[PDB]
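One chain comes next, on its own, written out as structure tokens in the form deposited without (2S)-HEX-5-ENE-1,2-diol (217).
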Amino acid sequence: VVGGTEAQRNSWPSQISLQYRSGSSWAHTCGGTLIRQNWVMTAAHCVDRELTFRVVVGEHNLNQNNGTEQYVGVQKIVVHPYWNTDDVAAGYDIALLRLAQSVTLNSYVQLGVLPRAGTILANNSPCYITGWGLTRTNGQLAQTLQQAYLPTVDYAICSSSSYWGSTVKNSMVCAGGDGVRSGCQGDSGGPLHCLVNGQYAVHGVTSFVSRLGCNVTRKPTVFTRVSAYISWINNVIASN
């Protein structure tokens, strides 16, 4: 997250760190959202490489023991059947991870609330991105979880020629684009939390930023629209 602030320890309890085995240590690669005690929602592009993955729930500082973490392996990976790694712009950037063990819920570990199917946010709706991604374009990952206020940019504006044009689809949510605040590499897969009827709900799964850089004016961060995939999510969870 570029232009973020350190989140409080118990603000976003559905946020997880998706990590891969490197030698005899582990490395953060993406975020995700805990949606069931044994299921995580993330981006499909986060699992394109054939690596060994684990999920960390209750995490705040990647480089130190926080005394609240639970570490669990990934037992099954279900990517949307229409996903294509060579066309992130086609959409379908979503995947569900079945955990090897069900995690224990507490004030640091909670399920994310998802929107009702078909819900679209009005332009400029209040949302926050969270993650341990780069803190600057071509920078380094954050040690502590970061948050940034990123208001939505509706489809008509986002798909206009000076913004993302045809690259953005109605199956996606755009947010930010002020040139200062944005998601960045390593935030992919995590949540976009938006305030609706007094409750924060996870409306986006972080998907991409410009090739020019993370925080680029009129290139808002782009997310998979969770409310377009509610039937798919329920269908996968019910048949596994």
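For every residue, the number given is its place in the sequence shown, counted from 1.
Although it is not shown, the form solved in complex with (2S)-HEX-5-ENE-1,2-diol (217) is what the next lines describe.
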**Fill in**
In contact with (2S)-HEX-5-ENE-1,2-diol (217) in the deposited bound form (heavy atoms, 4.5 Å), from 56-64, 193-201, 173-181, 33-41, is stretch 56-64
**Prompt:** Is residue 77 a contact residue for (2S)-HEX-5-ENE-1,2-diol (217) in the deposited bound form, using a 4.5 Å heavy atom cut-off?
**Reply:** no
**Asked** Looking at the partner-bound form in the deposited bound form, is residue 14 within 4.5 Å of (2S)-HEX-5-ENE-1,2-diol (217) by any heavy atom?
**Response** no
**Message:** Even though the partner isn't displayed, in the deposited bound form is residue 111 close enough to (2S)-HEX-5-ENE-1,2-diol (217), meaning a heavy atom within 4.5 Å?
**Reply:** no
**Prompt:** Does (2S)-HEX-5-ENE-1,2-diol (217) get within 4.5 angstroms of any non-hydrogen atom of residue 141 in the deposited bound form?
**Reply:** yes
**Prompt:** Taking (2S)-HEX-5-ENE-1,2-diol (217) in the deposited bound form, which residues of 1-32 have any heavy atom within 4.5 Å of it?
**Reply:** 19, 26, 27, 28
